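A.B. asks: Here it is, the structure in full.
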Amino acid sequence: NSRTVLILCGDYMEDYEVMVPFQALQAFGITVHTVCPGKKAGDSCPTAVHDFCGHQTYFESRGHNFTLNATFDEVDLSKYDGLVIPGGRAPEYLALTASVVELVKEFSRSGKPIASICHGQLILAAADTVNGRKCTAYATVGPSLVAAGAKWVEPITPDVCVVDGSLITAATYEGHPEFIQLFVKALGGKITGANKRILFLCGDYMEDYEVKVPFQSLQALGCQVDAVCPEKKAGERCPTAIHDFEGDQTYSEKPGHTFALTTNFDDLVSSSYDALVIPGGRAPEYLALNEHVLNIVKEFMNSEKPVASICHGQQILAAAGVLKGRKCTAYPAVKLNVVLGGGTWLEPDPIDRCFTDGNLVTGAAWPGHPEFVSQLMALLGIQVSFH
Amino acid sequence: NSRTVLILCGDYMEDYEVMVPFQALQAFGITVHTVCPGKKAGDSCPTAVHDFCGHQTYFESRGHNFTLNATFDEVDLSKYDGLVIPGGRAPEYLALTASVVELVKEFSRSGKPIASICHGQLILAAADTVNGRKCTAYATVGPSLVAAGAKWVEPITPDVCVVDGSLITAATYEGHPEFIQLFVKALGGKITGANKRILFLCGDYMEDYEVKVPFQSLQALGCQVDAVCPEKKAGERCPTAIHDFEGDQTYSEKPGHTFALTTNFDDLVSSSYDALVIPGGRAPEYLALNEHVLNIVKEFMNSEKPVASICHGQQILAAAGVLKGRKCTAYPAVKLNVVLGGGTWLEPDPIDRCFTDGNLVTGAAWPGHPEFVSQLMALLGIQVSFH
Amino acid sequence: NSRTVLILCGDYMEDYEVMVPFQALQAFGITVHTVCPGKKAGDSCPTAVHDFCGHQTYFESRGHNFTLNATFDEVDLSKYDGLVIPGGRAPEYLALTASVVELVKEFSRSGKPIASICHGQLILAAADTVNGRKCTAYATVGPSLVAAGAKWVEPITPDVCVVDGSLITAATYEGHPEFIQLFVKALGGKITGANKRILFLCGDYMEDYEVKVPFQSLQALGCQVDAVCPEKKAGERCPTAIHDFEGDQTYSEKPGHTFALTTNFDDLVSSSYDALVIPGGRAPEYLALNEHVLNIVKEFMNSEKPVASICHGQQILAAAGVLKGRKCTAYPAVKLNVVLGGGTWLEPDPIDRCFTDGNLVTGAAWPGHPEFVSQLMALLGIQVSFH
């Protein structure tokens, strides 16, 4: 509504760098279409998980499969307000697809906003639309951007972002917060009431998407967001799980990106936060056995403060006993816990639908992030206005 | 034969939690039917390898594909003497399948024996059949059971087992030995002659099933089982291999569960054992180059004591020269090893058929575990009797 | 022409043990046919990546799919001058395939050369064609050869090779250089003018084939070859990447073999070395950012010395500005870097062809190694003559 954005997808694009923008932009009220040359709506793109394990370069792994919702060569550029270019290993080959470069050129002339991250810039270079343009990218793309005539801004840190009129660029997904806020501002958006402090309850093997997307999305808004995990210091990292359906009766499990806690668990002053968020995956099942974690949940529910849990997150809510006489949804399987917890089941159909019950927001699976964050914003007083 | 048990399978059930009971029980003269809702006999289910590597929860990878030998919608519960519920991530979604809960309800009413392990209990909680019943499960399931009115027994160790009449529960597959024996006694079985000490010759990359299945089946019988490996002590652990036939000309390989040795290899004495078991996999080929390992094999052989090796295990035997003028079978490829070793080949058809020559029991692949353990029991004079 | 060789392939053969000879022999003017029982030209076999990681035996991983260029049951064994038998897990089941054992025996009967490595020797043992023959193989294949009546040579080190008239044998791929040379001489081939020092610019996640095949082909030729990596000692190792197309719009990625460096990067002296080789994969993009790396490339190019780059290696040339007014090809996607670098693009069609622009040799991908090496050989004046 009011704004429509087009994301340029491709095989092996960085998981994070495609889903975070796809869902955040939606949670803010922007329609988003995803396309990939030679593919139609409903088709799938494999994705890459780029991370660092102590080598001179990043290590790669397979992320979730990403389904396109729009068809390439059937898109009317005139009908889009902005364009986003994901990173990973897709730009490398997309940057050499005639129809892709023609598209980025055409859009580039309209003067409309273009947000490119990591290796995405390579496409910009091929289209030769960066001359004299200030900009940044993954350190490795610098030679190509300088040779393209760009005003290269070396990324001293993974988070640095750069703007030059309608050209927004980022080095890595660590800069998603600012990357996204700028593309929003660039779309004529205004964010209000975003001066909140949210606490995320994390743990080992939490769902990759279910942590990153909600987390960064809330950061792009401007909130101060912290994440903790029992027995871990503000530097520790948590391994994540990538849950996806690949044909069998239940989802499959694969290693995702490594997540970094921001605060120490022991030094946690719950009263200082305006909200609490619980990611799903396999972490909730063991976090729910933790006394300290439960008390934290109790405090937020007692204070009638906003609480947003997704997927298996509700397992911690049911164990806190805070679901009694409460309406909510969860991952289809954890309906067991909701009922046993004393809550009233809300059918999660479609799977992307989330529900609000007073101070309680719940989601079923990662496909519900748009409504998930959107409804947590409402309980927070955060709005995003355009036109 | 005399009893018939039913195993409730599902996609991503714990590989060990299904294969060990499925094969140990057959080894004890019990017919076992495997079924999964929405699937027929001959279909397969992917399994999960749940293990620990230091994180706050278990790690997960894909195990062997498990082929069901029964059909769900064609089952008559009035024909089974018992029911086994394996763990993994299957209980989670099976618990929310109306037909599954109905089967547990009815089996629950008949009062016949029900053995549930790890996450399996979640199904019992769903069917509301644990009210006032003592029982245990993976610590994580504790909450759900309590809310289902169960008398919860927290697992202080990974092998704790509970029994409240016809209900038998275990926390992890590390409790299989007692889990199975209790299930057998509940079916009215009596085990006699299990006053034996057995020695296992392990090594890195031995087959996953080919170690745990025989090792745990023997323990469930009551035997004392020791496992060793050159240059490794009691606490040490060996990486295992998961060999499975996918669509190629030979089997593929994946990591299996890590296996824990029980005794220091140097502190051994062939004297104190009544039989020697040799797992297959890739451990044999290099184990067969070890002096000490060969002497151990020789001692057991000329002492005429019972010796059982499956799959590639027969390589150690050939290298020890103890297959001189003897009949035996092995993984098809190891026929060269048997012949060049001076043995007479026995066609491994069907793949689950094992052969006993004098004091020597041999099998082809892991599917022959039932006949393998059965035949080893026969040389040890161990028996299981019902009715 | 002059010589034609047949290579016995099989599912799960060692990836290196097939590509290195398959390609190195073609770069030496020898026609090579790959064949696998029950498979026809155009079919493919999965390969296996073997090497140690701190365990008692090797670890296995999946390597590149290998497509056969000939049909087994259509081979006129009479028109072949030599036979190569790769290792890995394939021999194990091939040794038990009648057609295969007869082919081998029929070939050992003609006196013609037979090069076998690692586990390949098991096939010779099955054919009983090694009596009183001096030879070596992978340590665990010794007991079999001894029993087949061979004069076993324990591989004191992994790089040992043994020649006994027409039977050339090696223990591991580490001995490929000597292995290939001996086979070539035994084919009546002479190598002249190979006294050259060659430098390889290596890094983390370079294409597995792209470093090993060219590296070892030049070593077999007699050249002294060094491998370096920024800030890494002679003992350090580099992880590699296996890039392969599996159906998506761009290649996929798996871990390959670890590659050890030969000299220290800091003590490197560009003065020596007659040529420079730059492997592809993901290492270039980050090496292209290293000042030191660009100087080395600078030096060579100024000296007019032969420079050979393949796949993504050109990203380093382009960055050093040495493509200015040079004609060359590269991996399709990296055309961007070639054009931005001021070079004239040479279309890599067919994918396996390379080009020579003065002192510059460039290839598109690993499928082009044959022309890649023969063209570097031409600049260096190295020749292989037969008849």
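Just so we're on the same page: first chain in the structure tokens is A, next is B, and so on; residues restart at 1 for each chain, and ligands are numbered from 1 in the order they show up.
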Could you superimpose chain B onto chain C using all C-alpha atoms, paired one by one in order, and tell me the resulting RMSD in Å?

C.D. replies: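 The C-alpha RMSD comes to 0.2 Å.
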
A.B. asks: Taking only C-alpha atoms into account, report as a list in words which residues of chain B lie within 7 Å of chain A.

C.D. replies: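 So the contacting residues turn out to be residues 11, 55, 56, 57, 92, 93, 96, 126, 140, 143, 144, 147 and 148 of chain B.
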
A.B. asks: Generate a file of the selected residues that holds C-alpha atoms, formatted as a tab-separated table (two decimals), in the first residue's frame.

C.D. replies:
```tsv
chain	number	residue	atom	x	y	z
B	11	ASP	CA	9.88	-38.41	9.73
B	55	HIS	CA	26.43	-26.48	22.81
B	56	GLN	CA	23.48	-25.89	25.19
B	57	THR	CA	21.38	-28.47	23.35
B	92	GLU	CA	6.31	-33.38	17.90
B	93	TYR	CA	4.18	-33.51	14.76
B	96	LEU	CA	-0.93	-33.43	16.46
B	126	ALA	CA	-1.35	-35.33	23.79
B	140	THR	CA	12.56	-30.76	27.94
B	143	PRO	CA	6.66	-29.49	31.58
B	144	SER	CA	4.10	-30.91	29.13
B	147	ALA	CA	0.49	-30.32	32.89
B	148	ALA	CA	-0.91	-33.63	31.64
```

A.B. asks: Where in range 89-273 of chain B does DSSP assign strand (DSSP E or B), given as a PyMOL selection string?

C.D. replies: chain B and resi 114-117+134-135+151-152+161-164+167-170+190-192+197-201+206-207+224-228+237-238+240-244+252-255+259-260

A.B. asks: Could you state the separation of CA of residue 67 in chain C and CA of residue 221 in chain C in Å, given to one decimal place?

C.D. replies: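 A separation of 25.9 Å between them.
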
A.B. asks: What gap, in Å, lies between CA of residue 349 in chain B and CA of residue 322 in chain B?

C.D. replies: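 These atoms are spaced 23.6 Å apart.
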
A.B. asks: When DSSP is applied to the backbone of this structure, which of range 166-250 of chain B are assigned helix (DSSP H, G or I)? Write them out as number ranges by chain.

C.D. replies: B: 173-186, 209-221
